[PDB]
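The chain below stands alone and is given in structure tokens; this is the form deposited in one PDB entry.
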């Protein structure tokens, strides 16, 4: 029981060409300031799958590494169709880190850039985990950048609806099997996803990308922990990947333990990397 978005917000275009679904690049009518709008048709069979998606965005978006919730609206539809719920949040102008690697020579980021982004993801995850919230969808597409290289987490669509989605970033425990019938979920599942995102930043695609999603979903709980293809990477980076990709979630380190990892903790070029990333955004824009 909110208000109509008319004169307050307006849709411009669909952002991720399908990746995020019905997510638009919106505009605050009065100021002209950009915002991202998630549009979801409120049906009788989706009444509480939308109500608590608003409650999660408002409460947990108050953190520098999470895209801030602005407000929720309802655009009333004529008698013969369902109403549209508009979920407004801060817009991230630089795009996703999947798009960043895709628009880089050799489809690979500098090891210190991976260290900066991964730390910011972990910092965002730490805020959610302390608040008893699992993201459940950490992937390069759900990790966004702003015009001044700020890293922000997005999508609470599956956080703790009938489609399974991309499997490549899923942790083994997330995928139900014979010895894991109920797929015992944990906050540490996001850390496996964070490690796959680091391989994604280092190679331009997640492990098993060249496979059918159904075969990848079958192999993730059977295959040994994924490794980086190239030997060029530092011993600190291999240790971080190893740390994130522990097959059994029961002996996988916590977000706090991973924040203390030398690859995340020891960042001497922090300022220089932030400028290097800011330069890369401008160069791609023009």
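Numbering follows the first chain given and starts at 1. If you superpose the two forms and keep the largest set of C-alpha atoms that fall within 1.5 Å, you have the rigid core.
What comes next is about the form deposited in another entry, which does not appear here.
Taking the core as reference between the shown form and the other one, the lone member of 66, 258, 57, 220 whose Cα moves by 2 Å or more is 57.
With the core held fixed, residue 122 shows a CA shift below 2 Å between the shown form and the other one. When two forms of a protein are overlaid on their rigid core, residues whose CA moves 2 Å or more are considered shifted, and residue 12 is one of them between the shown form and the other one.
The two forms, fitted on the rigid core, differ between the shown form and the other one by less than 2 Å at the CA of residue 273. Cα-Cα spacing of residue 138 to residue 16 is reduced in that other deposited form versus the present form (difference of at least 3 Å). In comparison with the shown form, the Cα-Cα distance of residue 281 and residue 57 increases by at least 3 angstroms in that other deposited form.
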